[PDB]
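**Q** I'd like to ask you about the structure that follows.
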Amino acid sequence: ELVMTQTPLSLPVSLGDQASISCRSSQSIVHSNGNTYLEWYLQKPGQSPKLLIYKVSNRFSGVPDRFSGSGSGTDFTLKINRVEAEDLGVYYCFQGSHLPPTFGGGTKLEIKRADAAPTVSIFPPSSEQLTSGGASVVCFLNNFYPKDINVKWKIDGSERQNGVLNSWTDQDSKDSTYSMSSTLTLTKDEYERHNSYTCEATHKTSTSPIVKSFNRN
Amino acid sequence: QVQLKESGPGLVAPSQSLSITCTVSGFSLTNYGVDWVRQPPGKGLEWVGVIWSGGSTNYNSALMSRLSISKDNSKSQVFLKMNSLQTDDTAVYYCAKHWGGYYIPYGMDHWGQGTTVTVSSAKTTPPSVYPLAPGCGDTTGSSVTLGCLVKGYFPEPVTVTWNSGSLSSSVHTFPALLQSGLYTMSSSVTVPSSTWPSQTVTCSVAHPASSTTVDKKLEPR
């Protein structure tokens, strides 16, 4: 029933630049033993959450000196400097002094790095699946920065948007890049009546579009 | 070597109940206490409950009347029922271990991988692997890019593995969205052109919700 506020909700920052997260408690996080039980935890994407800091300023094993945790009673801050791609993930504060113990709403660490161009590959529908009433032409666009990109499917000249679905990734933890998958699925029928297929895609990198088309010849 | 494992039903029906057990190893529940943390979809960590190493349980206020952490010291298991399910009860259910001193844990020490719980009407629809191999028309340089578009499953989640795990070289995963009431995800893995079609690549999909797994081999065309 204790409140903890975490700001900002997301923090853009650059590799090599310092970070700071202030966690705010609605009341005292100090224990009667004077020990205030404030943890920080990090959850990289896909991975499970992990203990970093376990008692305001006490680093947990593995975790390097670049991570700092300060704080008194309302105000606590996690400061992380010499910022890596690995720093990526969600950072959460957790109080265990009085019950029920509670978490902060997390803050997304954002890294700003060097512009990277996207790598596109178009993949034509599968044999087996084509023999399954369906036909899907799935494209890929990998390792780009910024996360801002545009992609369209032409089917003999025109554009396709109908029901289309692209899927992004959270910034890589090694190169800190984003990636995206677009699928262009319909029916065999319609796939059975268009020959070539184009995977168009514009990005801040290239003044010219990024295209990955393919014929049915 | 300490481990914490979670098992569950993948899905469950709106308004019914759910229990998830935490299989544990390397330590004991007599000596230790484990918390129950959870993560609503696209939301942040949510404390569910605790069981101190002495049969005692303290709960999350907002659902203690739906919570109930049990345990079997001899069986090293940490069960957790949870009556009258609901649709925002959808979360990942981790079992974390106590690292602090006595009756005040310094922090949740070791966390399980996590059991996923989906609350909806819809039923377990199994997945459909389709490999994403490049055509014959286009070619590639120094490195190639392939993947599998794993389509039509319910409920979440699935898990792909490239070349028996001997791959990790440029592996991207693209989250799954719904479509026709079904999830659909894709995995891409980039490998040196000297290796494909040169050597035998393969994609292996786990999806415990229906438990089934399909490993595909990639051939162009």
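Each chain of the structure tokens is named A, B, ... in the order shown, its residues numbered from 1; ligands are numbered from 1 in display order.
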Go through chain A and flag each residue having an atom no more than 7 Å from chain B; for those, report the closest pair of atoms plus their distance in Å to one decimal, using only C-alpha atoms, ordered by chain and rising number, as JSON lines.
**A**
{"residue": "A:37", "atom": "CA", "partner": "B:106", "partner_atom": "CA", "distance": 6.8}
{"residue": "A:39", "atom": "CA", "partner": "B:107", "partner_atom": "CA", "distance": 6.6}
{"residue": "A:48", "atom": "CA", "partner": "B:113", "partner_atom": "CA", "distance": 6.0}
{"residue": "A:51", "atom": "CA", "partner": "B:109", "partner_atom": "CA", "distance": 6.7}
{"residue": "A:54", "atom": "CA", "partner": "B:107", "partner_atom": "CA", "distance": 5.5}
{"residue": "A:55", "atom": "CA", "partner": "B:106", "partner_atom": "CA", "distance": 6.5}
{"residue": "A:100", "atom": "CA", "partner": "B:60", "partner_atom": "CA", "distance": 6.2}
{"residue": "A:102", "atom": "CA", "partner": "B:47", "partner_atom": "CA", "distance": 6.5}
{"residue": "A:103", "atom": "CA", "partner": "B:45", "partner_atom": "CA", "distance": 6.5}
{"residue": "A:105", "atom": "CA", "partner": "B:44", "partner_atom": "CA", "distance": 5.6}
{"residue": "A:106", "atom": "CA", "partner": "B:44", "partner_atom": "CA", "distance": 6.3}
{"residue": "A:123", "atom": "CA", "partner": "B:134", "partner_atom": "CA", "distance": 5.2}
{"residue": "A:124", "atom": "CA", "partner": "B:135", "partner_atom": "CA", "distance": 6.6}
{"residue": "A:126", "atom": "CA", "partner": "B:130", "partner_atom": "CA", "distance": 6.3}
{"residue": "A:129", "atom": "CA", "partner": "B:130", "partner_atom": "CA", "distance": 6.8}
{"residue": "A:167", "atom": "CA", "partner": "B:174", "partner_atom": "CA", "distance": 5.8}
{"residue": "A:168", "atom": "CA", "partner": "B:174", "partner_atom": "CA", "distance": 6.1}
{"residue": "A:169", "atom": "CA", "partner": "B:174", "partner_atom": "CA", "distance": 5.9}
{"residue": "A:180", "atom": "CA", "partner": "B:174", "partner_atom": "CA", "distance": 7.0}
{"residue": "A:181", "atom": "CA", "partner": "B:174", "partner_atom": "CA", "distance": 6.6}
{"residue": "A:214", "atom": "CA", "partner": "B:137", "partner_atom": "CA", "distance": 6.8}
**Q** Quick one: residues within 10 Å of residue 41 of chain B, only C-alpha atoms counted, chain neighbours fewer than 2 positions away excluded, as a list in words?
**A**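 My reading of the contact set: residues 38, 39, 43, 44, 88, 89, 90, 91, 92 and 118 of chain B.
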**Q** Can you pull out the residues contacting residue 215 of chain A? Cut-off 9 Å, using only C-alpha atoms, and skip same-chain residues under 4 positions away; I want them as an mmCIF file with C-alpha atoms, in the first residue's frame.
**A**
data_model
loop_
_atom_site.group_PDB
_atom_site.id
_atom_site.type_symbol
_atom_site.label_atom_id
_atom_site.label_comp_id
_atom_site.auth_asym_id
_atom_site.auth_seq_id
_atom_site.Cartn_x
_atom_site.Cartn_y
_atom_site.Cartn_z
ATOM 1 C CA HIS A 194 0.974 -12.257 -59.680
ATOM 2 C CA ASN A 195 4.495 -12.977 -60.929
ATOM 3 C CA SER A 196 6.928 -10.506 -59.392
ATOM 4 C CA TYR A 197 6.736 -9.166 -55.835
ATOM 5 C CA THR A 198 8.474 -6.101 -54.407
ATOM 6 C CA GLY B 135 14.521 -17.344 -53.883
ATOM 7 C CA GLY B 137 16.617 -15.019 -58.432
#
**Q** Please provide as JSON, numbers by chain all residues within 12 Å of residue 68 of chain B, with the sequence filter that same-chain residues fewer than 2 positions apart are discarded (counting only C-alpha atoms).
**A** {"B": [17, 18, 19, 20, 21, 35, 36, 48, 49, 50, 51, 55, 56, 57, 58, 59, 60, 61, 63, 64, 65, 66, 70, 71, 78, 79, 80, 81, 82, 83]}
**Q** Take the residues that were just selected and, keeping N, CA, C and O atoms, output them as a short mmCIF file (atom, residue, chain, number, x, y, z; two decimals), in the first residue's frame.
**A**
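Final output, saved to selection.cif:
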data_model
loop_
_atom_site.label_atom_id
_atom_site.label_comp_id
_atom_site.auth_asym_id
_atom_site.auth_seq_id
_atom_site.Cartn_x
_atom_site.Cartn_y
_atom_site.Cartn_z
N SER B 17 -10.12 -20.78 -12.33
CA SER B 17 -8.99 -20.61 -11.39
C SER B 17 -7.66 -21.06 -11.99
O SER B 17 -7.62 -21.70 -13.04
N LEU B 18 -6.55 -20.70 -11.32
CA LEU B 18 -5.25 -21.16 -11.79
C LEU B 18 -4.19 -21.21 -10.69
O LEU B 18 -4.05 -20.30 -9.87
N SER B 19 -3.45 -22.31 -10.72
CA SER B 19 -2.33 -22.60 -9.86
C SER B 19 -1.05 -22.88 -10.65
O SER B 19 -1.08 -23.65 -11.61
N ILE B 20 0.06 -22.27 -10.25
CA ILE B 20 1.34 -22.55 -10.90
C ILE B 20 2.39 -22.93 -9.86
O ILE B 20 2.65 -22.18 -8.92
N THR B 21 3.00 -24.10 -10.04
CA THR B 21 3.98 -24.66 -9.13
C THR B 21 5.41 -24.22 -9.45
O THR B 21 5.78 -24.02 -10.61
N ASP B 35 9.30 -15.43 -3.43
CA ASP B 35 8.26 -14.48 -3.79
C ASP B 35 7.63 -14.88 -5.12
O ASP B 35 8.22 -15.65 -5.88
N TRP B 36 6.44 -14.35 -5.40
CA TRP B 36 5.77 -14.56 -6.68
C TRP B 36 5.64 -13.22 -7.40
O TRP B 36 4.81 -12.41 -7.00
N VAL B 48 3.21 -10.47 -6.54
CA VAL B 48 2.00 -11.26 -6.31
C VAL B 48 1.95 -11.76 -4.88
O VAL B 48 0.96 -11.60 -4.16
N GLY B 49 3.04 -12.38 -4.41
CA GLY B 49 3.02 -12.91 -3.06
C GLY B 49 4.36 -13.45 -2.60
O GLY B 49 5.33 -13.46 -3.36
N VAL B 50 4.39 -13.89 -1.36
CA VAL B 50 5.56 -14.38 -0.64
C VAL B 50 5.20 -15.56 0.25
O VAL B 50 4.11 -15.65 0.81
N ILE B 51 6.14 -16.49 0.38
CA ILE B 51 6.09 -17.52 1.40
C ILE B 51 7.46 -17.62 2.07
O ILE B 51 8.41 -18.16 1.51
N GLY B 55 6.35 -21.64 6.42
CA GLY B 55 4.98 -21.90 6.07
C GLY B 55 4.11 -20.67 5.98
O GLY B 55 2.98 -20.74 5.51
N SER B 56 4.66 -19.55 6.44
CA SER B 56 3.95 -18.28 6.52
C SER B 56 3.87 -17.58 5.18
O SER B 56 4.83 -17.54 4.41
N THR B 57 2.69 -17.01 4.90
CA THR B 57 2.52 -16.29 3.64
C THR B 57 1.95 -14.90 3.85
O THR B 57 0.97 -14.70 4.57
N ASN B 58 2.58 -13.93 3.21
CA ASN B 58 2.04 -12.57 3.11
C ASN B 58 1.74 -12.33 1.63
O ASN B 58 2.49 -12.82 0.79
N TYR B 59 0.66 -11.61 1.34
CA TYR B 59 0.13 -11.50 0.00
C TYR B 59 0.05 -10.09 -0.55
O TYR B 59 0.20 -9.10 0.17
N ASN B 60 -0.21 -10.03 -1.86
CA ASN B 60 -0.53 -8.78 -2.54
C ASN B 60 -1.94 -8.35 -2.16
O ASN B 60 -2.90 -9.11 -2.29
N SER B 61 -2.07 -7.11 -1.68
CA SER B 61 -3.36 -6.64 -1.20
C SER B 61 -4.42 -6.76 -2.29
O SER B 61 -5.49 -7.33 -2.09
N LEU B 63 -5.08 -8.62 -4.55
CA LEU B 63 -5.63 -9.90 -4.96
C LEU B 63 -5.44 -11.00 -3.92
O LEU B 63 -5.62 -12.17 -4.28
N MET B 64 -5.09 -10.70 -2.67
CA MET B 64 -4.82 -11.77 -1.71
C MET B 64 -6.01 -12.72 -1.57
O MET B 64 -5.81 -13.89 -1.23
N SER B 65 -7.21 -12.22 -1.83
CA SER B 65 -8.44 -13.01 -1.77
C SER B 65 -8.59 -13.87 -3.03
O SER B 65 -9.56 -14.59 -3.23
N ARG B 66 -7.58 -13.78 -3.89
CA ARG B 66 -7.51 -14.60 -5.09
C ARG B 66 -6.16 -15.32 -5.16
O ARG B 66 -5.92 -16.12 -6.05
N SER B 70 1.20 -21.79 -1.56
CA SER B 70 1.48 -23.01 -0.83
C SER B 70 2.90 -23.47 -1.18
O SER B 70 3.60 -22.84 -1.96
N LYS B 71 3.28 -24.58 -0.57
CA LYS B 71 4.63 -25.11 -0.79
C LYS B 71 4.70 -26.53 -0.25
O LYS B 71 3.83 -26.92 0.53
N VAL B 78 6.72 -24.90 -5.01
CA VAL B 78 5.99 -23.72 -4.57
C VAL B 78 4.73 -23.49 -5.41
O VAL B 78 4.75 -22.75 -6.39
N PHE B 79 3.64 -24.14 -5.01
CA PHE B 79 2.38 -24.01 -5.73
C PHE B 79 1.74 -22.65 -5.42
O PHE B 79 2.14 -21.98 -4.47
N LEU B 80 0.77 -22.29 -6.24
CA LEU B 80 0.10 -21.00 -6.16
C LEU B 80 -1.23 -21.01 -6.91
O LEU B 80 -1.28 -20.70 -8.10
N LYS B 81 -2.29 -21.37 -6.20
CA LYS B 81 -3.63 -21.31 -6.79
C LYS B 81 -3.98 -19.87 -7.12
O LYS B 81 -3.14 -18.97 -6.95
N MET B 82 -5.18 -19.61 -7.61
CA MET B 82 -5.59 -18.23 -7.89
C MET B 82 -7.00 -18.24 -8.54
O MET B 82 -7.12 -18.26 -9.76
N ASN B 83 -7.99 -18.21 -7.66
CA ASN B 83 -9.40 -18.28 -7.98
C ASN B 83 -9.82 -17.18 -8.97
O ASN B 83 -9.00 -16.33 -9.29
#
**Q** What is the distance between atom CA of residue 52 of chain A and atom CA of residue 40 of chain A, in Å to one decimal?
**A** 5.8 Å
**Q** Using only C-alpha atoms, which residues sit within 8 Å of residue 139 of chain A once same-chain residues fewer than 4 positions away are excluded, as an mmCIF file with C-alpha atoms, in the first residue's frame?
**A**
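File produced: around_29.cif:
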data_model
loop_
_atom_site.group_PDB
_atom_site.id
_atom_site.type_symbol
_atom_site.label_atom_id
_atom_site.label_comp_id
_atom_site.auth_asym_id
_atom_site.auth_seq_id
_atom_site.Cartn_x
_atom_site.Cartn_y
_atom_site.Cartn_z
ATOM 1 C CA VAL A 120 16.178 -6.043 -46.364
ATOM 2 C CA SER A 121 15.471 -9.580 -47.591
ATOM 3 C CA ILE A 122 12.246 -10.764 -49.248
ATOM 4 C CA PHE A 123 11.251 -14.403 -48.856
ATOM 5 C CA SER A 181 9.460 -7.969 -40.044
ATOM 6 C CA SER A 182 6.661 -7.328 -42.535
ATOM 7 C CA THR A 183 4.460 -10.121 -43.844
ATOM 8 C CA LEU A 184 2.383 -9.959 -47.013
ATOM 9 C CA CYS A 199 9.567 -5.278 -50.848
#
**Q** Please identify which residues in segment 163-203 of chain A DSSP calls helix (DSSP H, G or I) from the backbone, and express them as a PDB file with N, CA and C atoms, in the first residue's frame.
**A**
ATOM      1  N   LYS A 188      -3.401 -18.458 -51.987  1.00  0.00           N
ATOM      2  CA  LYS A 188      -2.666 -19.052 -53.093  1.00  0.00           C
ATOM      3  C   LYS A 188      -3.111 -18.457 -54.436  1.00  0.00           C
ATOM      4  N   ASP A 189      -4.408 -18.553 -54.668  1.00  0.00           N
ATOM      5  CA  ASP A 189      -5.185 -17.949 -55.727  1.00  0.00           C
ATOM      6  C   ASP A 189      -4.487 -16.704 -56.279  1.00  0.00           C
ATOM      7  N   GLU A 190      -4.619 -15.622 -55.529  1.00  0.00           N
ATOM      8  CA  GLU A 190      -4.020 -14.328 -55.811  1.00  0.00           C
ATOM      9  C   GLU A 190      -2.508 -14.414 -55.931  1.00  0.00           C
ATOM     10  N   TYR A 191      -1.877 -15.364 -55.241  1.00  0.00           N
ATOM     11  CA  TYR A 191      -0.425 -15.499 -55.369  1.00  0.00           C
ATOM     12  C   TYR A 191      -0.085 -16.173 -56.697  1.00  0.00           C
TER      13      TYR A 191
END
**Q** I need the residues in chain B that are strand (DSSP E) according to DSSP; give them as a PyMOL selection string.
**A** chain B and resi 3-7+11-12+21-25+34-39+46-51+57-59+91-98+108-111+115-119+131-132+143-153+159-162+171-179+182-192+202-206+213-217
**Q** Those same residues, written as a PDB file, in the first residue's frame with C-alpha atoms?
**A**
ATOM      1  CA  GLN B   3      17.520 -23.607 -10.354  1.00  0.00           C
ATOM      2  CA  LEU B   4      13.909 -22.400 -10.159  1.00  0.00           C
ATOM      3  CA  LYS B   5      11.331 -23.778 -12.571  1.00  0.00           C
ATOM      4  CA  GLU B   6       7.678 -22.972 -13.249  1.00  0.00           C
ATOM      5  CA  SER B   7       4.948 -25.050 -14.924  1.00  0.00           C
ATOM      6  CA  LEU B  11      -4.295 -20.611 -21.139  1.00  0.00           C
ATOM      7  CA  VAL B  12      -7.268 -20.641 -18.841  1.00  0.00           C
ATOM      8  CA  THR B  21       3.984 -24.664  -9.134  1.00  0.00           C
ATOM      9  CA  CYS B  22       7.618 -23.648  -8.678  1.00  0.00           C
ATOM     10  CA  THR B  23      10.035 -26.570  -8.912  1.00  0.00           C
ATOM     11  CA  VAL B  24      13.285 -25.696  -7.138  1.00  0.00           C
ATOM     12  CA  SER B  25      16.821 -27.036  -6.849  1.00  0.00           C
ATOM     13  CA  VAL B  34      10.371 -17.315  -2.421  1.00  0.00           C
ATOM     14  CA  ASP B  35       8.264 -14.479  -3.794  1.00  0.00           C
ATOM     15  CA  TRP B  36       5.774 -14.563  -6.681  1.00  0.00           C
ATOM     16  CA  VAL B  37       6.327 -11.760  -9.222  1.00  0.00           C
ATOM     17  CA  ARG B  38       4.293 -11.205 -12.388  1.00  0.00           C
ATOM     18  CA  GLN B  39       4.259  -9.024 -15.488  1.00  0.00           C
ATOM     19  CA  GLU B  46       3.763  -6.775 -10.130  1.00  0.00           C
ATOM     20  CA  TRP B  47       4.382  -8.356  -6.734  1.00  0.00           C
ATOM     21  CA  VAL B  48       2.004 -11.265  -6.311  1.00  0.00           C
ATOM     22  CA  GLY B  49       3.017 -12.913  -3.059  1.00  0.00           C
ATOM     23  CA  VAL B  50       5.557 -14.379  -0.644  1.00  0.00           C
ATOM     24  CA  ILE B  51       6.085 -17.522   1.404  1.00  0.00           C
ATOM     25  CA  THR B  57       2.524 -16.292   3.641  1.00  0.00           C
ATOM     26  CA  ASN B  58       2.044 -12.573   3.111  1.00  0.00           C
ATOM     27  CA  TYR B  59       0.129 -11.501  -0.002  1.00  0.00           C
ATOM     28  CA  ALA B  91       1.050 -12.200 -16.976  1.00  0.00           C
ATOM     29  CA  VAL B  92       4.341 -14.045 -16.687  1.00  0.00           C
ATOM     30  CA  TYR B  93       4.657 -15.866 -13.392  1.00  0.00           C
ATOM     31  CA  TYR B  94       8.196 -15.986 -12.059  1.00  0.00           C
ATOM     32  CA  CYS B  95       9.313 -17.596  -8.788  1.00  0.00           C
ATOM     33  CA  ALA B  96      12.199 -15.580  -7.322  1.00  0.00           C
ATOM     34  CA  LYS B  97      14.378 -16.541  -4.349  1.00  0.00           C
ATOM     35  CA  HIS B  98      15.258 -14.614  -1.157  1.00  0.00           C
ATOM     36  CA  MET B 108      15.041 -11.423  -5.077  1.00  0.00           C
ATOM     37  CA  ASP B 109      18.258 -13.403  -5.629  1.00  0.00           C
ATOM     38  CA  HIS B 110      17.556 -16.000  -8.343  1.00  0.00           C
ATOM     39  CA  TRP B 111      14.522 -15.816 -10.680  1.00  0.00           C
ATOM     40  CA  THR B 115       5.508 -19.445 -16.824  1.00  0.00           C
ATOM     41  CA  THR B 116       3.106 -17.529 -19.083  1.00  0.00           C
ATOM     42  CA  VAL B 117      -0.627 -17.326 -18.401  1.00  0.00           C
ATOM     43  CA  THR B 118      -3.230 -16.255 -20.955  1.00  0.00           C
ATOM     44  CA  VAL B 119      -6.829 -15.661 -19.922  1.00  0.00           C
ATOM     45  CA  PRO B 131      10.794 -21.643 -43.380  1.00  0.00           C
ATOM     46  CA  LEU B 132      11.865 -18.320 -44.902  1.00  0.00           C
ATOM     47  CA  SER B 143      26.614 -13.275 -45.319  1.00  0.00           C
ATOM     48  CA  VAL B 144      23.101 -14.612 -45.750  1.00  0.00           C
ATOM     49  CA  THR B 145      19.831 -14.084 -43.966  1.00  0.00           C
ATOM     50  CA  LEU B 146      17.174 -16.701 -43.315  1.00  0.00           C
ATOM     51  CA  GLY B 147      14.430 -17.482 -40.851  1.00  0.00           C
ATOM     52  CA  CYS B 148      11.119 -19.202 -40.261  1.00  0.00           C
ATOM     53  CA  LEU B 149       7.678 -17.614 -40.245  1.00  0.00           C
ATOM     54  CA  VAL B 150       5.927 -19.502 -37.446  1.00  0.00           C
ATOM     55  CA  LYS B 151       2.238 -18.941 -38.028  1.00  0.00           C
ATOM     56  CA  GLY B 152      -1.158 -19.661 -36.498  1.00  0.00           C
ATOM     57  CA  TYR B 153      -0.558 -20.423 -32.840  1.00  0.00           C
ATOM     58  CA  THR B 159      10.489 -20.388 -28.750  1.00  0.00           C
ATOM     59  CA  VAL B 160      12.739 -20.980 -31.781  1.00  0.00           C
ATOM     60  CA  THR B 161      16.283 -22.404 -31.748  1.00  0.00           C
ATOM     61  CA  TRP B 162      18.725 -22.100 -34.640  1.00  0.00           C
ATOM     62  CA  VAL B 171      19.479 -14.015 -34.518  1.00  0.00           C
ATOM     63  CA  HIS B 172      16.501 -11.678 -34.441  1.00  0.00           C
ATOM     64  CA  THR B 173      13.097 -12.410 -32.974  1.00  0.00           C
ATOM     65  CA  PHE B 174       9.996 -10.499 -34.006  1.00  0.00           C
ATOM     66  CA  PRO B 175       7.168 -10.347 -31.477  1.00  0.00           C
ATOM     67  CA  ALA B 176       3.849 -12.028 -32.230  1.00  0.00           C
ATOM     68  CA  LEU B 177       0.630 -10.186 -33.033  1.00  0.00           C
ATOM     69  CA  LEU B 178      -2.903 -11.571 -33.305  1.00  0.00           C
ATOM     70  CA  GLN B 179      -4.763 -12.256 -36.550  1.00  0.00           C
ATOM     71  CA  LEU B 182      -4.403 -16.264 -33.674  1.00  0.00           C
ATOM     72  CA  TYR B 183      -0.788 -15.333 -32.943  1.00  0.00           C
ATOM     73  CA  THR B 184       1.868 -15.136 -35.650  1.00  0.00           C
ATOM     74  CA  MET B 185       5.588 -14.635 -35.156  1.00  0.00           C
ATOM     75  CA  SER B 186       8.814 -14.920 -37.105  1.00  0.00           C
ATOM     76  CA  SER B 187      12.518 -15.499 -36.474  1.00  0.00           C
ATOM     77  CA  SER B 188      15.443 -14.369 -38.614  1.00  0.00           C
ATOM     78  CA  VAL B 189      19.021 -15.578 -38.318  1.00  0.00           C
ATOM     79  CA  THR B 190      21.958 -14.287 -40.357  1.00  0.00           C
ATOM     80  CA  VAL B 191      24.816 -16.622 -41.270  1.00  0.00           C
ATOM     81  CA  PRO B 192      27.911 -16.329 -43.465  1.00  0.00           C
ATOM     82  CA  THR B 202      17.460 -25.629 -39.121  1.00  0.00           C
ATOM     83  CA  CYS B 203      14.817 -23.844 -37.026  1.00  0.00           C
ATOM     84  CA  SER B 204      13.321 -25.429 -33.917  1.00  0.00           C
ATOM     85  CA  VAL B 205      10.110 -24.101 -32.399  1.00  0.00           C
ATOM     86  CA  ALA B 206       8.946 -24.838 -28.850  1.00  0.00           C
ATOM     87  CA  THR B 213       7.796 -28.453 -31.346  1.00  0.00           C
ATOM     88  CA  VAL B 214       8.839 -28.401 -34.997  1.00  0.00           C
ATOM     89  CA  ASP B 215      12.396 -28.085 -36.241  1.00  0.00           C
ATOM     90  CA  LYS B 216      12.567 -27.076 -39.911  1.00  0.00           C
ATOM     91  CA  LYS B 217      15.518 -27.448 -42.288  1.00  0.00           C
TER      92      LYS B 217
END
**Q** Using only C-alpha atoms, pick whichever of A:83, A:216, A:179, A:38 has the shortest atom-to-atom distance to residue 193 of chain A.
**A**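 Of A:83, A:216, A:179, A:38, the one nearest residue 193 of chain A is A:216, counting only C-alpha atoms.
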**Q** What does the distance from atom CA of residue 53 of chain A to atom CA of residue 111 of chain A come to in Å, to one decimal?
**A**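 Distance reported for this atom pair: 21.2 Å.
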**Q** Considering only C-alpha atoms, state which residue in the set A:64, A:97, A:47, A:16 is at the smallest distance from residue 33 of chain A.
**A**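 Of A:64, A:97, A:47, A:16, the one nearest residue 33 of chain A, counting only C-alpha atoms, is A:97.
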